[PDB]
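Visitor: One structure, as structure tokens, below. Some questions next.
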Amino acid sequence: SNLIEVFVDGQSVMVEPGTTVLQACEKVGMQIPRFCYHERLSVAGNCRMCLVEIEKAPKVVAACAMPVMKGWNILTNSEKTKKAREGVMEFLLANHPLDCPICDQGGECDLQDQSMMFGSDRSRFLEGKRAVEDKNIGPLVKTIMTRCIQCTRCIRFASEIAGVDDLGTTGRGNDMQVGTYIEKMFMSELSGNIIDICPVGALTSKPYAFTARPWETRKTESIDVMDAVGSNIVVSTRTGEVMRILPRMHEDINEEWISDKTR
Amino acid sequence: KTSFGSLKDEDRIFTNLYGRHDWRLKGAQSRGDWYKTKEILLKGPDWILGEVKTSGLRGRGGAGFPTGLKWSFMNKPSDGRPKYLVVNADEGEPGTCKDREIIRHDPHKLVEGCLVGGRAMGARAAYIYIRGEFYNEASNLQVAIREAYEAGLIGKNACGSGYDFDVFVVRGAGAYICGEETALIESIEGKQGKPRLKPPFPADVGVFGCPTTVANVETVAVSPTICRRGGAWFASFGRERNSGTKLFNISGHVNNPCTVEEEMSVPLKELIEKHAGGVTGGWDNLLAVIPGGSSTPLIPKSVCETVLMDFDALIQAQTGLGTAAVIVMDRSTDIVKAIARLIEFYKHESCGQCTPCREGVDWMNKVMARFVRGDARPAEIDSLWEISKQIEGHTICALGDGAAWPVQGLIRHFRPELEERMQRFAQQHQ
Amino acid sequence: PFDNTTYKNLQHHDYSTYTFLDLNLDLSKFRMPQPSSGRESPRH
Amino acid sequence: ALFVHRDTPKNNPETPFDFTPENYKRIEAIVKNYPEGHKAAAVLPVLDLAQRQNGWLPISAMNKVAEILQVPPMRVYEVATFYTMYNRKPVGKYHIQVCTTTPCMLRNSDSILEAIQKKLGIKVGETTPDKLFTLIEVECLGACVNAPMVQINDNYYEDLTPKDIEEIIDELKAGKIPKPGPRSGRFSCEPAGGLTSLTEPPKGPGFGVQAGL
Ligand SMILES: NC(=O)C1=CN([C@@H]2O[C@H](COP(=O)(O)OP(=O)(O)OC[C@H]3O[C@@H](n4cnc5c(N)ncnc54)[C@H](O)[C@@H]3O)[C@@H](O)[C@H]2O)C=CC1
Ligand SMILES: Cc1cc2nc3c(=O)[nH]c(=O)nc-3n(C[C@H](O)[C@H](O)[C@H](O)COP(=O)(O)O)c2cc1C
Ligand code: SF4
Ligand code: SF4
Ligand code: SF4
Ligand code: FES
Ligand code: FES
Ligand SMILES: [K+]
């Protein structure tokens with residue numbers, strides 16, 4: 001075996017060559033915070049939330065993209081790693097809108113959860129925020145683009161898994177908008193899964209819009225019957241009424257997606 | 001040598017820097033260009049890489065990486081993929097207009113540099129990513145490339161050496177971030193000019209997926225002069241690890257803003273008062289100097305009296321050399337208005353890819369726009385410092401660093417002027 | 001006669017909107033055949 | 001200034017745009033510069049060619065560049081909205097671009113911006129009613145030692161005073177095309193009071209060449 005030896009917080013772990021720093025931390029049971037990294041999408045590296053300190057190296061590295069070298073001691077809990085996480089979270093929350101009560105992603109928001117876990121507890125942003133025009137990409141995906149953190153999971157999903165190539169980024173800088181640039185309707189057969197991978201309430205489910213909330217939902221693991229694929233799903237109910245259908249991960253069937261009919 | 005500067009005209013690389021001679025082929029061959037190019041090409045890649053390593057040439061793009069060490073990343077066997085030299089002719093740095101002068105006035109020097117450098121790195125072609133705003137310079141360069149093909153100097157059997165080498169010119173379309181080498185690669189490939197992450201370095205995965213070296217116009221154009229005159233000739237100028245000659249663009253509040261080729265470790269005061277006629281209103285009228293274009297931290301008058309204009313003495317002066325573009329600012333300057341305009345430039349020229357630049361450069365522009373009016377309190381100065389330290393080092397490319405450093409230089413050298421601006425705002429609006 | 005008084009770079013006073021592209025069209029005959037990735041596009 | 005498209009009657013996918021055949025030969029020469037299998041690398045020249053044939057980019061130039069390069073139209077929309085030259089609105093026949101960054105603001109580009117405003121009767125972003133002049137405010141055009149300077153459609157007009165840009169606008173209204181140069185005494189970039197360097201004649205071939213070459 002050509003396994004090399006790397007260290008995560010001093011603990012030795014043997015990894016295949018070409019392993020990213022995030023996967024080396026994942027082998028010892030530690031999850032690095034991330035927003036643009038998705039294990040079934042291509043590596044973008046454009047949110048900088050995964051920046052971790054390699055010791056004896058005066059620069060944090062993007063753990064979602066950086067391959068490990070032999071003998072790196074990855075410091076997941078060191079001081080400049082935590083300062084990197086807090087700074088990146090503060091920039092993510094600077095122009096982000098105060099919509100958490102009126103947002104469907106609340107209670108199941110990655111931005112909320114790892115703001116609580118890895119960021120500071122207050123604001124230094126003494127300016128006015130941006131507001132982005134909402135797009136119309138279909139009767140399934142509600143679009144509130146002020147909540148977008150520009151992580152490009154949209155675009156990588158629609159390009160690589162749905163094979164659509166119609167989502168994209170227009171503009172430059174703080175005015176970079178994720179959309180289709182035209183009045184175009186994103187209707188694939190897998191067009192609902194962008195609601196799953198969007199870590200914020202920028203893309204939400206329009207049938208599930210405003211109706212429930214994830215802490216009060218009972219998660220019943222079940223099977224799809226709409227096709228013969230047998231896609232493993234979660235039926236989430238609330239007070240004896242079906243609220244939504246999410247995917248379960250099964251590596252051999254539906255990897256973590258479902259079709260729009262199933263959803 | 002101990003004191004540096006006062007470069008002689010016989011020791012110049014960029015003869016016809018001023019457009020005073022014929023830039024075409026019969027003028028260029030009458031000035032030493034395209035002379036014994038075949039004898040440079042036939043001596044192999046290792047000899048040319050050794051002459052560039054001997055010369056001590058560092059990257060003239062602005063970061064100053066050792067050019068021979070950078071170009072020896074391509075001295076590796078073919079893996080089926082072609083290899084590409086890519087000339088970075090964007091030059092979007094405020095203050096910097098030297099590559100415009102090389103392309104406009106010494107284009108055959110750049111074409112011979114493409115040939116010699118791509119021979120050193122085994123490259124197949126040269127993509128000169130020129131700035132889109134430099135249209136006349138691009139057609140100027142294309143006329144020179146046509147003259148180089150019709151003389152058989154490039155193309156099929158370039159200079160009679162049995163080496164095939166093309167030279168292409170790709171025009172930009174108005175993005176400062178497309179001078180960053182990976183974003184320039186992404187712009188040649190027909191996409192948005194967003195920088196790639198490193199690694200893979202462009203020598204591994206570069207333009208089109210190929211082994212690729214992106215190098216500045218100056219560090220490519222001086223390479224046939226290094227091969228002809230010898231590496232030790234080029235290493236005999238400037239301090240140690242600061243070798244060679246350098247183009248300087250002295251603009252702003254000087255009497256005669258100009259481009260000048262000067263020896264490397266020249267003093268800043270000597271360069272200004274010798275080639276630019278000095279600061280307007282005298283040297284006592286000097287307030288600040290941005291030494292190397294917009295990305296470097298500024299230095300005040302008490303640093304500009306003694307500082308040398310190379311990489312290392314400006315790093316020790318807690319700034320950088322950069323593009324050696326000297327922006328001089330006199331005592332009549334609202335320096336907060338100039339630095340806030342510079343941060344406004346960096347939020348207009350920022351590709352929006354990663355979080356700290358996309359959000360924090362706009363947030364620094366809003367804070368600097370309030371600091372111009374003084375519509376703030378002094379605890380927001382240190383806070384702004386922290387914002388810069390959260391942008392610096394955490395971004396994908398160095399435009400976040402280049403946006404953080406003017407803020408940090410302005411705070412570090414002019415915190416009392418910011419505080420008096422804000423307290424006089426407070427006492428005239430309350 | 002050595003002249004260092006006149007600006008010899010006067011050709012760009014007569015560049016039109018198609019000078020660069022017609023120069024590329026002229027240079028298209030001098031160039032080596034392009035390499036091939038082995039497919040028509042990365043979507044093929 | 002927006003980055004979403006709305007179909008106006010004069011900007012829609014039914015707006016007539018098509019290349020001229022000499023521009024099709026120019027597009028063939030562009031696509032032959034890139035490797036076989038990376039035709040998408042010709043998005044930025046060809047689309048800029050569409051800005052030179054038409055003056056601006058409707059959403060039929062973008063779709064035509066998408067169609068003749070076999071790329072998705074969103075990948076052309078991204079290039080058109082990323083790069084600041086691609087006019088997605090019709091501009092005037094002379095597109096005045098004043099640089100106002102720090103090396104030009106320090107040499108009083110504000111007076112020239114004010115001069116163009118009080119001359120044309122417009123402000124930044126507006127087009128004159130005869131559709132001949134569009135005035136905007138751009139970043140560093142890379143002519144910093146020739147500050148202050150403007151760009152008109154290919155050309156740099158440098159070392160300008162307000163009288164010089166008034167005269168350039170006067171002779172653009174009269175139909176003639178001026179000389180792209182510094183309106184002070186110097187020629188390109190030399191020191192303004194005479195050459196401080198490169199006074200000696202250039203040496204020529206063979207000077208200083210090392211042995212063994
Ligand atoms: N000339 C201009 O118009 C402008 C110049 N700049 C300059 O650009 C500088 C930043 O440039 P960067 O390339 O981002 O900085 P630097 O970190 O990356 O790298 C400089 C060069 O060295 C090479 N290199 C460095 N380490 C390497 C390694 N381990 N393996 C392979 N190659 C390696 C890189 O490929 C690059 O070409 C700034 O300091 C600034 O002065 C900035 C803006 C505009
Ligand atoms: C935002 C940004 C813009 C840059 N623009 C240029 C440029 O316009 N021209 C240039 O030669 N280098 C530019 N660079 C530096 C390049 O990254 C690279 O170091 C250089 O082009 C080639 O290396 P060299 O200095 O050895 O020639 C830029 C860097 C950054 C971060
Ligand atoms: S996306 Fe998350 S952080 Fe933003 S409003 Fe919704 S719940 Fe709150
Ligand atoms: S809408 Fe969501 S998935 Fe798409 S880029 Fe924005 S944050 Fe990422
Ligand atoms: S820091 Fe700014 S310039 Fe660099 S990849 Fe990110 S958005 Fe682009
Ligand atoms: S997770 Fe590595 S940067 Fe987004
Ligand atoms: S600053 Fe105006 S041209 Fe560079
Ligand atoms: K979501």
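Note on naming: chains are A, B, ... as they come in the structure tokens, residues start from 1 per chain, ligands start from 1 in the order shown.
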If you run DSSP on this backbone, which residues of chain C come out as alpha helix (DSSP H), and could you give them as a PyMOL selection string?
Guide: chain C and resi 19-27
Visitor: What lies within 8 Å of region 10-23 of chain C using only C-alpha atoms, ignoring chain neighbours under 6 positions off, as a PyMOL selection string?
Guide: (chain B and resi 135-136+138-140+142-143+146) or (chain D and resi 26+52+154+179-180)
Visitor: Quick one: pick out all strand (DSSP E) residues within region 62-180 of chain B from a backbone DSSP run and write them as a list in words.
Guide: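 Output for region 62-180 of chain B, strand (DSSP E) only: residues 84, 85, 86, 87, 88, 89, 125, 126, 127, 128, 129, 130, 166, 167, 168, 169, 170 and 171 of chain B.
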Visitor: Within 8 Å of ligand 5, counting only C-alpha atoms and all ligand atoms, which protein or nucleic acid residues do you find, written as JSON, numbers by chain?
Guide: {"A": [46, 173], "B": [177, 194, 195, 196, 349, 350, 351, 352, 353, 354, 355, 356, 357, 358, 391, 395, 396, 397, 398, 399, 400]}
Visitor: Just to be explicit: take each residue in the selection above, keep C-alpha atoms, and write the result as a PDB file, in the first residue's frame.
Guide:
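To be explicit, this is the file written out as again_14.pdb:
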ATOM      1  CA  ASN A  46     -14.808  29.543  -2.734  1.00  0.00           C
ATOM      2  CA  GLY A 173     -17.635  41.278  -6.686  1.00  0.00           C
TER       3      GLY A 173
ATOM      4  CA  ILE B 177      -8.196  40.101 -11.654  1.00  0.00           C
ATOM      5  CA  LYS B 194     -11.721  33.745 -11.380  1.00  0.00           C
ATOM      6  CA  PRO B 195      -8.473  32.555  -9.789  1.00  0.00           C
ATOM      7  CA  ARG B 196      -7.844  28.885  -9.263  1.00  0.00           C
ATOM      8  CA  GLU B 349     -11.898  44.889  -9.441  1.00  0.00           C
ATOM      9  CA  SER B 350     -12.666  41.766  -7.411  1.00  0.00           C
ATOM     10  CA  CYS B 351     -14.101  38.708  -9.038  1.00  0.00           C
ATOM     11  CA  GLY B 352     -16.536  37.768  -6.257  1.00  0.00           C
ATOM     12  CA  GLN B 353     -15.380  34.167  -5.899  1.00  0.00           C
ATOM     13  CA  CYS B 354     -14.441  33.668  -2.259  1.00  0.00           C
ATOM     14  CA  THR B 355     -16.009  35.112   0.862  1.00  0.00           C
ATOM     15  CA  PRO B 356     -13.378  37.385   2.542  1.00  0.00           C
ATOM     16  CA  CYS B 357     -12.615  39.521  -0.502  1.00  0.00           C
ATOM     17  CA  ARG B 358     -16.192  39.556  -1.901  1.00  0.00           C
ATOM     18  CA  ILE B 391      -9.076  39.264   4.539  1.00  0.00           C
ATOM     19  CA  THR B 395      -8.477  34.494   0.321  1.00  0.00           C
ATOM     20  CA  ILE B 396      -7.840  32.450  -2.807  1.00  0.00           C
ATOM     21  CA  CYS B 397      -5.537  34.906  -4.577  1.00  0.00           C
ATOM     22  CA  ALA B 398      -3.534  37.900  -3.401  1.00  0.00           C
ATOM     23  CA  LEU B 399      -6.071  40.553  -4.337  1.00  0.00           C
ATOM     24  CA  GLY B 400      -7.429  40.240  -0.812  1.00  0.00           C
TER      25      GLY B 400
END
Visitor: Quick check: residues of chain B within 9 Å of chain C, only C-alpha atoms, returned as JSON, numbers by chain.
Guide: {"B": [18, 19, 20, 21, 22, 23, 81, 82, 104, 105, 135, 136, 137, 138, 139, 140, 142, 143, 145, 146, 149, 150, 155, 156, 164, 165, 166, 167, 168, 169]}
Visitor: I'd like the contact shell of region 174-184 of chain A - 6 Å cut-off, only C-alpha atoms, skipping same-chain residues fewer than 6 positions apart - returned as a PyMOL selection string.
Guide: (chain A and resi 166-168) or (chain B and resi 352+358) or (chain D and resi 4-5)
Visitor: Please save C-alpha atoms of the selected residues as a PDB file, in the first residue's frame.
Guide:
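Written out: result-v6.pdb:
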ATOM      1  CA  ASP A 166     -28.200  26.995 -17.022  1.00  0.00           C
ATOM      2  CA  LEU A 167     -27.424  28.215 -13.507  1.00  0.00           C
ATOM      3  CA  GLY A 168     -24.447  30.525 -13.215  1.00  0.00           C
TER       4      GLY A 168
ATOM      5  CA  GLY B 352     -16.536  37.768  -6.257  1.00  0.00           C
ATOM      6  CA  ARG B 358     -16.192  39.556  -1.901  1.00  0.00           C
TER       7      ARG B 358
ATOM      8  CA  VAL D   4     -30.311  40.133 -14.902  1.00  0.00           C
ATOM      9  CA  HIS D   5     -31.851  40.464 -18.343  1.00  0.00           C
TER      10      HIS D   5
END
Visitor: I'd like to know which of D:37, D:129, D:142, D:90 is closest to ligand 2, using only C-alpha atoms and all ligand atoms.
Guide: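 Checking each candidate against ligand 2, we get D:142 as the closest.
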Visitor: Using only C-alpha atoms, find each residue of chain D with at least one atom at most 6 Å away from an atom of chain A; report its shortest atom-to-atom pair and that distance in Å (one decimal), sort the rows by chain and rising residue number, and return the result as JSON lines.
Guide:
{"residue": "D:3", "atom": "CA", "partner": "A:171", "partner_atom": "CA", "distance": 5.9}
{"residue": "D:4", "atom": "CA", "partner": "A:181", "partner_atom": "CA", "distance": 4.5}
{"residue": "D:5", "atom": "CA", "partner": "A:182", "partner_atom": "CA", "distance": 5.1}
{"residue": "D:74", "atom": "CA", "partner": "A:166", "partner_atom": "CA", "distance": 5.5}
{"residue": "D:78", "atom": "CA", "partner": "A:170", "partner_atom": "CA", "distance": 5.2}
{"residue": "D:81", "atom": "CA", "partner": "A:171", "partner_atom": "CA", "distance": 5.0}
{"residue": "D:82", "atom": "CA", "partner": "A:171", "partner_atom": "CA", "distance": 4.9}
Visitor: Kindly export the residues of the current selection with N, CA, C and O atoms, as a PDB file, in the first residue's frame.
Guide:
ATOM      1  N   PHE D   3     -27.597  43.010 -13.558  1.00  0.00           N
ATOM      2  CA  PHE D   3     -27.006  41.759 -14.009  1.00  0.00           C
ATOM      3  C   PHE D   3     -28.042  40.663 -14.203  1.00  0.00           C
ATOM      4  O   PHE D   3     -27.696  39.480 -14.191  1.00  0.00           O
ATOM      5  N   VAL D   4     -29.304  41.028 -14.354  1.00  0.00           N
ATOM      6  CA  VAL D   4     -30.311  40.133 -14.902  1.00  0.00           C
ATOM      7  C   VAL D   4     -30.848  40.782 -16.166  1.00  0.00           C
ATOM      8  O   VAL D   4     -30.822  42.006 -16.314  1.00  0.00           O
ATOM      9  N   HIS D   5     -31.303  39.958 -17.097  1.00  0.00           N
ATOM     10  CA  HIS D   5     -31.851  40.464 -18.343  1.00  0.00           C
ATOM     11  C   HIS D   5     -33.370  40.449 -18.311  1.00  0.00           C
ATOM     12  O   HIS D   5     -33.985  39.487 -17.844  1.00  0.00           O
ATOM     13  N   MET D  74     -25.535  30.194 -20.969  1.00  0.00           N
ATOM     14  CA  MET D  74     -25.182  30.747 -19.668  1.00  0.00           C
ATOM     15  C   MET D  74     -23.684  30.993 -19.557  1.00  0.00           C
ATOM     16  O   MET D  74     -23.260  31.950 -18.904  1.00  0.00           O
ATOM     17  N   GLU D  78     -22.243  34.668 -18.520  1.00  0.00           N
ATOM     18  CA  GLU D  78     -21.278  34.892 -17.447  1.00  0.00           C
ATOM     19  C   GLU D  78     -20.102  35.729 -17.919  1.00  0.00           C
ATOM     20  O   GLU D  78     -19.646  36.630 -17.206  1.00  0.00           O
ATOM     21  N   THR D  81     -21.319  39.368 -18.502  1.00  0.00           N
ATOM     22  CA  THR D  81     -21.552  40.149 -17.296  1.00  0.00           C
ATOM     23  C   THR D  81     -20.351  40.215 -16.365  1.00  0.00           C
ATOM     24  O   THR D  81     -20.397  40.954 -15.379  1.00  0.00           O
ATOM     25  N   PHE D  82     -19.288  39.467 -16.638  1.00  0.00           N
ATOM     26  CA  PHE D  82     -18.116  39.547 -15.780  1.00  0.00           C
ATOM     27  C   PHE D  82     -17.207  40.687 -16.194  1.00  0.00           C
ATOM     28  O   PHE D  82     -16.707  41.431 -15.346  1.00  0.00           O
TER      29      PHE D  82
END
Visitor: For a quick test of understanding: name the residues of chain A lying within 10 Å of chain B when counting only C-alpha atoms, and present them as number ranges by chain.
Guide: A: 36, 43-49, 51, 58-62, 65-67, 83-95, 124-129, 149-152, 169-177
Visitor: Taking only C-alpha atoms into account and nothing else, which residues of chain D lie no more than 12 Å away from chain C? Please answer as number ranges by chain.
Guide: D: 22-41, 45-46, 48-55, 69-72, 152-157, 177-182, 185-190, 194-195, 197-202
Visitor: Find the residues near ligand 2. Use a cut-off of 6 Å, count only C-alpha atoms and all ligand atoms, and write them as a list in words.
Guide: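 Selection of residues at most 6 Å from ligand 2: residues 59, 60, 61, 62, 63, 64, 65, 67, 88, 89, 90, 91, 92, 177, 179, 180, 181, 214, 215, 216, 219, 397, 398 and 399 of chain B.
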Visitor: Identify all chain B residues at most 6 Å from chain D by counting only C-alpha atoms; ligands do not count. Present them as a ChimeraX atom specification.
Guide: /B:9,18,30-32,35,39,94-95,97,135,173-175,188-190,192,228-230,251-252,256-259,275,338
Visitor: Restricting the output to N, CA, C and O atoms, write the selected residues as a compact mmCIF listing (two decimals), in the first residue's frame.
Guide:
# COMPACT_ATOMS: atom_id res chain seq x y z
N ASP B 9 23.70 54.09 -20.08
CA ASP B 9 22.86 53.81 -21.24
C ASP B 9 23.34 52.60 -22.03
O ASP B 9 22.53 51.97 -22.71
N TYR B 18 11.25 54.76 -25.08
CA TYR B 18 10.51 56.00 -25.21
C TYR B 18 9.87 56.18 -26.57
O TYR B 18 9.27 57.23 -26.83
N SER B 30 18.63 46.20 -35.53
CA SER B 30 19.67 47.21 -35.46
C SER B 30 19.95 47.69 -34.04
O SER B 30 20.74 48.62 -33.87
N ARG B 31 19.30 47.11 -33.04
CA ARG B 31 19.53 47.47 -31.64
C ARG B 31 19.95 46.28 -30.79
O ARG B 31 19.93 46.38 -29.56
N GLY B 32 20.31 45.17 -31.41
CA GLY B 32 20.77 44.00 -30.69
C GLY B 32 19.75 42.90 -30.55
O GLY B 32 20.12 41.80 -30.12
N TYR B 35 19.60 38.77 -32.37
CA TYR B 35 20.98 38.50 -32.75
C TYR B 35 21.44 37.21 -32.07
O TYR B 35 21.40 37.12 -30.84
N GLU B 39 21.70 30.42 -31.83
CA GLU B 39 22.72 29.91 -30.94
C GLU B 39 22.27 29.88 -29.49
O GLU B 39 22.81 29.10 -28.71
N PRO B 94 -2.71 50.13 -10.60
CA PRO B 94 -2.61 51.60 -10.63
C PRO B 94 -1.20 52.04 -10.27
O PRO B 94 -0.61 51.58 -9.29
N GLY B 95 -0.66 52.93 -11.10
CA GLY B 95 0.72 53.30 -11.02
C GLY B 95 1.57 52.67 -12.09
O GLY B 95 2.57 53.26 -12.50
N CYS B 97 2.62 51.22 -15.67
CA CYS B 97 2.40 51.33 -17.11
C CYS B 97 3.66 50.93 -17.89
O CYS B 97 3.87 51.41 -19.01
N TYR B 135 -5.45 48.25 -26.97
CA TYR B 135 -5.76 47.79 -28.31
C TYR B 135 -4.65 48.15 -29.30
O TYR B 135 -4.25 47.31 -30.12
N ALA B 173 -10.60 41.55 -21.51
CA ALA B 173 -11.86 42.24 -21.72
C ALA B 173 -12.22 43.14 -20.55
O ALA B 173 -13.39 43.43 -20.33
N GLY B 174 -11.22 43.62 -19.81
CA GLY B 174 -11.50 44.60 -18.78
C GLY B 174 -11.66 44.04 -17.39
O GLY B 174 -12.67 44.29 -16.72
N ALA B 175 -10.68 43.27 -16.94
CA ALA B 175 -10.68 42.74 -15.58
C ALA B 175 -9.27 42.78 -15.04
O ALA B 175 -8.36 42.17 -15.61
N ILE B 188 -8.20 32.91 -20.51
CA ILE B 188 -7.81 32.38 -21.82
C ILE B 188 -8.71 31.22 -22.21
O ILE B 188 -9.12 31.09 -23.37
N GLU B 189 -9.11 30.40 -21.24
CA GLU B 189 -9.97 29.25 -21.47
C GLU B 189 -11.43 29.61 -21.73
O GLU B 189 -12.25 28.71 -21.88
N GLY B 190 -11.77 30.90 -21.76
CA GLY B 190 -13.08 31.32 -22.20
C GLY B 190 -14.11 31.45 -21.11
O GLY B 190 -15.30 31.50 -21.40
N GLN B 192 -15.15 33.05 -16.89
CA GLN B 192 -14.94 34.17 -16.00
C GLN B 192 -13.56 34.11 -15.38
O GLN B 192 -13.08 33.05 -14.98
N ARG B 228 22.25 36.71 -24.04
CA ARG B 228 23.33 37.27 -24.84
C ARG B 228 24.41 37.89 -23.96
O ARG B 228 25.58 37.51 -24.05
N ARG B 229 24.03 38.83 -23.09
CA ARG B 229 25.00 39.52 -22.26
C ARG B 229 25.57 38.64 -21.16
O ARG B 229 26.60 38.99 -20.57
N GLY B 230 24.95 37.51 -20.87
CA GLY B 230 25.41 36.66 -19.79
C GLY B 230 24.62 36.89 -18.52
O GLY B 230 24.10 37.98 -18.26
N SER B 251 4.81 58.34 -10.97
CA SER B 251 3.63 59.13 -11.28
C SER B 251 3.11 59.79 -10.01
O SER B 251 3.63 59.56 -8.90
N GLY B 252 2.08 60.59 -10.17
CA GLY B 252 1.49 61.31 -9.06
C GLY B 252 2.06 62.72 -8.94
O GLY B 252 2.12 63.45 -9.93
N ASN B 256 7.87 65.54 -13.24
CA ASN B 256 7.90 64.91 -14.56
C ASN B 256 7.59 63.43 -14.41
O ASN B 256 8.50 62.61 -14.27
N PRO B 257 6.31 63.06 -14.43
CA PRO B 257 5.95 61.64 -14.30
C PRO B 257 6.40 60.86 -15.52
O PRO B 257 6.13 61.25 -16.65
N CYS B 258 7.11 59.76 -15.28
CA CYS B 258 7.80 59.12 -16.40
C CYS B 258 8.08 57.66 -16.09
O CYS B 258 8.03 57.21 -14.94
N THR B 259 8.39 56.92 -17.15
CA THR B 259 8.93 55.57 -17.07
C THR B 259 10.44 55.67 -17.27
O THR B 259 10.92 56.45 -18.10
N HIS B 275 15.15 61.37 -12.05
CA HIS B 275 14.46 61.08 -13.30
C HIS B 275 13.10 61.76 -13.42
O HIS B 275 12.62 61.94 -14.54
N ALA B 338 -7.47 59.34 -1.14
CA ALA B 338 -6.71 58.54 -2.10
C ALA B 338 -6.74 57.06 -1.74
O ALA B 338 -6.94 56.20 -2.61
